[PDB]
Amino acid sequence: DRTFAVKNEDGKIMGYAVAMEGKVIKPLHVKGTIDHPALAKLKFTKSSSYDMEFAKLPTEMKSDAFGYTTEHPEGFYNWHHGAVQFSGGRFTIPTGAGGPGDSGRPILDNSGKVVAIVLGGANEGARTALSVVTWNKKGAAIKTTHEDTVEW
């Protein structure tokens with residue numbers, strides 16, 4: 001288990017957090033507590049520029065953490081709701097496949113490695129371009145925001 005629900009006071013899922021490369025990672029706008037005993041009360045460092053906050057992964061996990069990859073050839077990828085196309089520097093899904101509550105879900109290749117973290121989507125009719133966080137070869141974070149993005 002490597003993906004965790006972020007729940008508010010009522011218990012409603014507001015988004016998701018991932019265990020990835022010695023870190024706990026969740027979108028900044030996603031409000032609530034991570035539904036996991038080892039993850040609930042950690043010290044988080046926030047980044048408004050990239051809509052991301054992170055904590056040092058509890059050393060009881062470690063073996064349960066995603067690997068990240070900087071290799072995103074053009075093609076199709078995996079996420080909880082189906083196929084994500086990567087084409088022209090853009091991650092897209094069919095409109096309707098993603099919505100509020102999906103912020104924080106990872107986009108994966110077939111080897112099970114993370115390529116991106118979902119922040120939200122801009123509706124373009126048939127397709128929805130996903131706003132994401134990726135990391136370059138230098139390890140630097142990149143936020144890709146599209147025109148008229150809806151936070152999820």
# chains A, B, ... in the order shown; residues from 1 in each chain; ligands from 1
call {"tool": "residues_around", "arguments": {"residues": "residue 9 in chain A", "least_positions_apart": "6", "cutoff": "10 Å", "atoms": "only C-alpha atoms", "output": "list in words"}}
result
residues 31, 32 and 33 of chain A
call {"tool": "residues_around", "arguments": {"residues": "residue 81 in chain A", "least_positions_apart": "3", "cutoff": "10 Å", "atoms": "only C-alpha atoms", "output": "ChimeraX atom specification"}}
result
/A:78,84,93-94,96-98,102,105
call {"tool": "write_last_selection", "arguments": {"atoms": "N, CA, C and O atoms", "output": "tab-separated table (two decimals), in the first residue's frame"}}
result
chain	number	residue	atom	x	y	z
A	78	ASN	N	-0.95	5.01	-16.58
A	78	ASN	CA	-1.98	4.47	-15.70
A	78	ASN	C	-2.32	5.41	-14.56
A	78	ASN	O	-1.44	6.03	-13.97
A	84	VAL	N	-4.18	7.56	-19.05
A	84	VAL	CA	-3.74	8.95	-19.16
A	84	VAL	C	-2.81	9.04	-20.36
A	84	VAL	O	-1.78	8.36	-20.41
A	93	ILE	N	-6.94	13.05	-20.01
A	93	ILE	CA	-7.89	11.96	-19.75
A	93	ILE	C	-9.22	12.30	-20.42
A	93	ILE	O	-9.44	13.46	-20.79
A	94	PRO	N	-10.11	11.31	-20.61
A	94	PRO	CA	-11.45	11.66	-21.06
A	94	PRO	C	-12.22	12.45	-19.99
A	94	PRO	O	-12.24	12.04	-18.83
A	96	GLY	N	-14.61	13.63	-17.40
A	96	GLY	CA	-15.50	12.84	-16.56
A	96	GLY	C	-14.76	11.82	-15.72
A	96	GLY	O	-15.22	11.43	-14.65
A	97	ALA	N	-13.60	11.38	-16.22
A	97	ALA	CA	-12.78	10.37	-15.55
A	97	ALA	C	-12.12	10.87	-14.27
A	97	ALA	O	-11.81	10.09	-13.38
A	98	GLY	N	-11.90	12.18	-14.20
A	98	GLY	CA	-11.30	12.81	-13.03
A	98	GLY	C	-12.14	13.95	-12.51
A	98	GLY	O	-12.80	14.66	-13.29
A	102	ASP	N	-9.60	13.52	-6.56
A	102	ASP	CA	-8.54	12.84	-7.29
A	102	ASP	C	-7.16	13.50	-7.16
A	102	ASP	O	-6.15	12.91	-7.52
A	105	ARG	N	-3.49	11.62	-6.54
A	105	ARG	CA	-3.32	10.34	-7.21
A	105	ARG	C	-2.12	10.39	-8.14
A	105	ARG	O	-1.94	11.38	-8.87
call {"tool": "closest_residue", "arguments": {"among": "A:67, A:141, A:46, A:118", "to": "residue 80 in chain A", "atoms": "only C-alpha atoms"}}
result
A:118
call {"tool": "closest_residue", "arguments": {"among": "A:13, A:76, A:70, A:2", "to": "residue 39 in chain A", "atoms": "only C-alpha atoms"}}
result
A:2
call {"tool": "residues_around", "arguments": {"residues": "residue 27 in chain A", "least_positions_apart": "5", "cutoff": "6 Å", "atoms": "only C-alpha atoms", "output": "PDB file with C-alpha atoms, in the first residue's frame"}}
result
ATOM      1  CA  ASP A  51       1.065  23.240  -4.644  1.00  0.00           C
ATOM      2  CA  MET A  52       2.887  20.484  -2.748  1.00  0.00           C
ATOM      3  CA  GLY A 104      -2.823  13.505  -5.186  1.00  0.00           C
TER       4      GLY A 104
END
call {"tool": "select_by_dssp", "arguments": {"residues": "range 49-141 of chain A", "states": "strand (DSSP E)", "output": "ChimeraX atom specification"}}
result
/A:52-56,75-79,82-87,90-94,106-108,114-123,127-135,141
call {"tool": "residues_around", "arguments": {"residues": "residue 139 in chain A", "least_positions_apart": "5", "cutoff": "12 Å", "atoms": "only C-alpha atoms", "output": "VMD selection string"}}
result
chain A and resid 21 68 to 70 133 to 134
call {"tool": "write_last_selection", "arguments": {"atoms": "N, CA, C and O atoms", "output": "PDB file, in the first residue's frame"}}
result
ATOM      1  N   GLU A  21       9.813   7.592  -2.684  1.00  0.00           N
ATOM      2  CA  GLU A  21      11.237   7.907  -2.549  1.00  0.00           C
ATOM      3  C   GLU A  21      11.596   8.602  -1.232  1.00  0.00           C
ATOM      4  O   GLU A  21      12.068   9.744  -1.218  1.00  0.00           O
ATOM      5  N   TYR A  68      10.212   7.124  -8.544  1.00  0.00           N
ATOM      6  CA  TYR A  68       9.882   8.103  -9.575  1.00  0.00           C
ATOM      7  C   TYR A  68      10.772   7.898 -10.797  1.00  0.00           C
ATOM      8  O   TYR A  68      11.907   7.445 -10.671  1.00  0.00           O
ATOM      9  N   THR A  69      10.242   8.218 -11.975  1.00  0.00           N
ATOM     10  CA  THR A  69      11.025   8.181 -13.210  1.00  0.00           C
ATOM     11  C   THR A  69      10.863   9.457 -14.043  1.00  0.00           C
ATOM     12  O   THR A  69       9.758   9.980 -14.201  1.00  0.00           O
ATOM     13  N   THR A  70      11.990   9.948 -14.557  1.00  0.00           N
ATOM     14  CA  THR A  70      12.037  11.140 -15.408  1.00  0.00           C
ATOM     15  C   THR A  70      11.775  10.788 -16.876  1.00  0.00           C
ATOM     16  O   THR A  70      11.741  11.668 -17.742  1.00  0.00           O
ATOM     17  N   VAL A 133       2.381  17.788 -11.089  1.00  0.00           N
ATOM     18  CA  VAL A 133       3.738  18.043 -10.624  1.00  0.00           C
ATOM     19  C   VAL A 133       4.632  16.913 -11.131  1.00  0.00           C
ATOM     20  O   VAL A 133       4.348  15.731 -10.917  1.00  0.00           O
ATOM     21  N   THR A 134       5.695  17.295 -11.834  1.00  0.00           N
ATOM     22  CA  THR A 134       6.702  16.359 -12.317  1.00  0.00           C
ATOM     23  C   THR A 134       8.065  16.775 -11.767  1.00  0.00           C
ATOM     24  O   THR A 134       8.194  17.844 -11.168  1.00  0.00           O
TER      25      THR A 134
END
call {"tool": "atom_distance", "arguments": {"atom1": "CA of residue 115 in chain A", "atom2": "CA of residue 38 in chain A"}}
result
25.1 Å
call {"tool": "residues_around", "arguments": {"residues": "residue 37 in chain A", "least_positions_apart": "2", "cutoff": "12 Å", "atoms": "only C-alpha atoms", "output": "VMD selection string"}}
result
chain A and resid 4 to 5 33 to 35 39 to 42 58 60 to 61
call {"tool": "write_last_selection", "arguments": {"atoms": "N, CA, C and O atoms", "output": "CSV table (one decimal), in the first residue's frame"}}
result
chain,number,residue,atom,x,y,z
A,4,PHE,N,-2.5,6.9,0.0
A,4,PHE,CA,-3.3,7.1,1.2
A,4,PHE,C,-4.3,8.2,1.1
A,4,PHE,O,-4.0,9.2,0.5
A,5,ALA,N,-5.5,8.0,1.6
A,5,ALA,CA,-6.6,9.0,1.6
A,5,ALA,C,-6.4,10.1,2.6
A,5,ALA,O,-6.0,9.9,3.7
A,33,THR,N,-6.5,15.2,7.2
A,33,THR,CA,-5.5,14.4,7.8
A,33,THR,C,-5.3,13.1,7.0
A,33,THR,O,-6.3,12.6,6.5
A,34,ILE,N,-4.1,12.7,6.8
A,34,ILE,CA,-3.8,11.4,6.1
A,34,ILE,C,-4.3,10.3,7.0
A,34,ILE,O,-4.0,10.1,8.1
A,35,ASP,N,-5.2,9.4,6.4
A,35,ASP,CA,-5.8,8.3,7.0
A,35,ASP,C,-4.8,7.1,7.2
A,35,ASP,O,-4.9,6.1,6.5
A,39,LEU,N,1.3,8.2,9.5
A,39,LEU,CA,1.4,9.4,8.7
A,39,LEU,C,0.7,10.6,9.2
A,39,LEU,O,0.9,11.7,8.7
A,40,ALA,N,-0.2,10.4,10.1
A,40,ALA,CA,-1.2,11.4,10.5
A,40,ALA,C,-0.6,12.7,11.1
A,40,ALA,O,-1.0,13.8,10.9
A,41,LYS,N,0.5,12.5,12.0
A,41,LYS,CA,1.0,13.7,12.8
A,41,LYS,C,2.5,14.1,12.4
A,41,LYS,O,3.2,14.5,13.3
A,42,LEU,N,2.8,13.9,11.1
A,42,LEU,CA,4.2,14.2,10.7
A,42,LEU,C,4.4,15.7,10.5
A,42,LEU,O,3.4,16.4,10.3
A,58,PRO,N,8.1,7.8,7.3
A,58,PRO,CA,8.3,7.0,8.5
A,58,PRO,C,9.1,5.8,8.1
A,58,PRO,O,8.8,5.1,7.2
A,60,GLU,N,9.4,3.0,9.2
A,60,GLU,CA,8.7,1.7,9.3
A,60,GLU,C,8.2,1.3,7.9
A,60,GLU,O,8.1,0.1,7.6
A,61,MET,N,7.9,2.3,7.1
A,61,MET,CA,7.6,2.1,5.7
A,61,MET,C,8.8,1.8,4.8
A,61,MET,O,9.3,0.6,4.9
